[PDB]
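Engineer: I need the structure of the sequence given here:
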Amino acid sequence: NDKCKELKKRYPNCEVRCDXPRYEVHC
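Structural biologist: Numbers count the residues shown, from 1 in each chain. Coordinates below:
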């Protein structure tokens with residue numbers, strides 16, 4: 001999904017673990 005490129009930009013200092021459609025962001 002395009003969410004990985006969105007989320008890691010929304011949370012730029014956070015770690016967005018992108019696994020397929022699984023997106024787990026650590027802030």
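Engineer: Output the contacting helices and strands for the helix or strand harbouring residue 24.
Structural biologist: Take DSSP states H and E as the rule and residue 24 turns out to sit in strand 22-26. Secondary-structure packing of strand 22-26 (3 or more Cβ pairs under 8 Å, 6 or more residues apart in numbering; DSSP states H and E): helix 3-10, strand 15-19. Where C-beta positions appear, they are placed from N, C-alpha and C, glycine not excepted.
Engineer: List the buried residues in the first one.
Structural biologist: Along helix 3-10, these residues count as buried under the neighbour rule (16 or more other Cβ atoms under 10 Å): 4, 7, 8.
Engineer: Just the angle for it relative to strand 22-26, thanks.
Structural biologist: Inter-element angle recorded for helix 3-10 and strand 22-26: 10 degrees (by axes from the mean of the first three to the mean of the last three Cα atoms, to 10 degrees).
Engineer: and helix 3-10, how far from the chain's centre?
Structural biologist: Distance of helix 3-10 from the chain centroid (Cα atoms, centre = their mean, to the nearest Å) equals 5 Å.
Engineer: Same question for stretch 10-26.
Structural biologist: 2 Å.
Engineer: Straight-line length of it, end to end?
Structural biologist: One end of stretch 10-26 to the other measures 12 Å (Cα to Cα, to the nearest Å).
Engineer: what's next to it, contact-wise?
Structural biologist: For stretch 10-26, the external contacting residues (Cβ atoms under 8 Å, 6 or more residues apart in numbering) are 1, 3, 4, 7, 8, 27.
Engineer: Buried residues of stretch 11-27, list them for me.
Structural biologist: Buried residues in stretch 11-27, counting neighbours by 16+ other Cβ under 10 Å, are found at 16, 18.
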